[PDB]
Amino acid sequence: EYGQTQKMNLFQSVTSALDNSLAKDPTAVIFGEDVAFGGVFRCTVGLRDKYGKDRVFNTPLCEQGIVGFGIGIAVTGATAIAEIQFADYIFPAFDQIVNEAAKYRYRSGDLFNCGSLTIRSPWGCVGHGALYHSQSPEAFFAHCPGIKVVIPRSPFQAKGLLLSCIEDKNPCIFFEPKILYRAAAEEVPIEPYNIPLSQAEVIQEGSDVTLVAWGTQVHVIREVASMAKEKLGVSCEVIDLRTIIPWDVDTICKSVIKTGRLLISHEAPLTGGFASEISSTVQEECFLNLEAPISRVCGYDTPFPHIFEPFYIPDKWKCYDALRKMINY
């Protein structure tokens, strides 16, 4: 389908996407903290040697600077691939992302833009990351028209989605689930290929209930589907959202019109979490089809704890129990 493949874990698939990008786009540069020696999660190994120190380089330790600097590169039309070392540390750049990058094209009447910016950042829980190496900030960014927010669930998906982000003519934030960096490998095409943005993927068809998640949590809901089938004889339709904004309203609504039930799950805290936007939209569009209340199985409304992580996360049991109750409603 896509030419020769090799087994790659998620960090390798990121390197491959970045390599493909710099090979085909002579404007493209990669920068951030500690990117030059290959990055703290290895995502840029070999790239400075292959493409040159003027193209893969370290910045000072200043996230607001990293994003402002990336916006400026993109204003000249050059492809700027910025790294933020953990998603938890994207906040100092919030004003540059929200007030500047997201608004740049609109506010200038399209005289200027920063479409050729992509910000990539490790994201989500990692077992022991605690408050500042665990966060999933996508809902903060979801309320900001003018940026795209994209989160893959695997190495094949990561390379295709990241290539799309890099090439998309809008500033994109690409969140890489860091617990998957060295998890299982899968076959990934060596040459470039794209997966469309704003398109959810139905990974398993079903008829009784729709399950929606993104990132690592897709694997959790896949397992929940299996538990529901085996233990309850319930047929689950499993959907990976992939793009947080602009999101694929049509695919989710079509599924819920068919099943009549929806459960959305994410690691991020419940309140103001992106599940609230999906839930309220699906309720508006599929109201007459809803057999039970749409359920949200999310992280608790606390900071992300160190020793308590096993009790914090919306794991397969929490999702399964919510599902069981919804099936019984």
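Quick note: we count residues from 1 along the sequence shown, nothing fancier.
Of the two stretches examined, 286-294 and 49-57, the record assigns the greater average C-alpha temperature factor to 286-294. Annotation for 222-230 versus 141-149: the higher mean temperature factor (C-alpha) is found in 222-230. Of the residues listed, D95, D208, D168, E83, the entry assigns the biggest Cα temperature factor to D208. Across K159, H133, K254, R105, the greatest Cα temperature factor reported in the deposited entry is at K254. In the PDB entry, a CA B factor belonging to the middle third of its chain's modelled residues is recorded for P189. In the PDB entry, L263 places in the highest third of its chain by CA B-factor. When the CA B factors of the chain's modelled residues are split into thirds, the value for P155 lands in the middle one.
Per the deposited record, the Cα B-factor of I203 falls in the highest third when ranked against the other modelled residues of its chain. In the PDB entry, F41 places in the middle third of its chain by CA B-factor.
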